[PDB]
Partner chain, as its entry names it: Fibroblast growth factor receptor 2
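One chain comes next, on its own, written as structure tokens: the form solved without the partner chain.
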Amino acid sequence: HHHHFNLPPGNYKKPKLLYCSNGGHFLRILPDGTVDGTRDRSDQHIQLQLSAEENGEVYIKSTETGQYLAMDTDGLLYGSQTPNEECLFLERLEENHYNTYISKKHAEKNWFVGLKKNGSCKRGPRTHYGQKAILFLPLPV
């Protein structure tokens, strides 16, 4: 492994909102495949269903559109119509409280799912351990 194995509590039985404290935005996967964040809790594209693959690995899927969260070869998040290697994330506990999501494909490069204070997604190479941008809290829908 390139990363620790402290896993967050909870489960995948119900869909969740992934709340980022950095700017206070919910992760959103828009119908056109765009990914960003919004503070509007009524948004229909922030409901996400997570599911497990191997222990500690997850797929993050839009319940409204069916799209899978994914990070491309240049570190940009996008919504994928089908599940592929870029859609698997390593879900870990961070700072003994939050959830972080590391791109499995680019795990050796420490590329995380992260949102900036202005609600725009961070590009893989611009994320790293220690940032507030990579910290999420799963909330009920």
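Numbering follows the first chain given and starts at 1.
Although not depicted, the form deposited with the partner chain bound is the subject of the following passage.
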* Asked: Could you tell me if residue 116 has a non-hydrogen atom within 4.5 Å of the partner chain in the bound PDB entry?
  -> yes
* Applying a 4.5 Å heavy atom distance criterion, does residue 78 contact the partner chain in the bound PDB entry? -> no
* **residue 96 within 4.5 Å of the partner chain in the bound PDB entry, heavy atoms** => yes
